[PDB]
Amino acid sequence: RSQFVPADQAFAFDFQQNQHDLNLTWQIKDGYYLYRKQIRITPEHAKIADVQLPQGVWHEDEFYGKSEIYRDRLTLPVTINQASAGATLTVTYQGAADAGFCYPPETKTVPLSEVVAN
């Protein structure tokens, strides 16, 4: 248990969109990690083609048991099927620190750009 920085410093969330291609990203500070299982994405006025969770590493904790985690950085590809103006994605996640610390869940809202269908 050492110097535990704020959640936004430990898990720097950001995103980038190019039409149907969206990328949710997290720069994960050395000594911190995110649980693959605790990531939830919820659409608002949009349809998700799919979410491609990358492969993470082996971790075992006393509660969730054997869980897959993410270190250094996480890029989460998310293809948008369709999205009208004002559409958004609510992304929730939870992480912790090797030095023995669990953070509360975090929630971010992602403003999507309109994207079409036929």
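From 1 onward, residues are counted along the sequence shown.
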{"query": "Given 16 to 24 and 90 to 98, the range whose Cα B-factors average higher in the PDB entry", "finding": "16 to 24"}
{"query": "25 to 33 versus 63 to 71 - greater average Cα B-factor per the deposited record", "finding": "63 to 71"}
{"query": "Modelled-residue ranking by C-alpha temperature factor, third containing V57", "finding": "highest"}
{"query": "Ranked C-alpha temperature factor of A85 among modelled chain residues, by third", "finding": "highest"}
{"query": "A49 by Cα B-factor - lowest, middle or highest third of the modelled chain", "finding": "highest"}
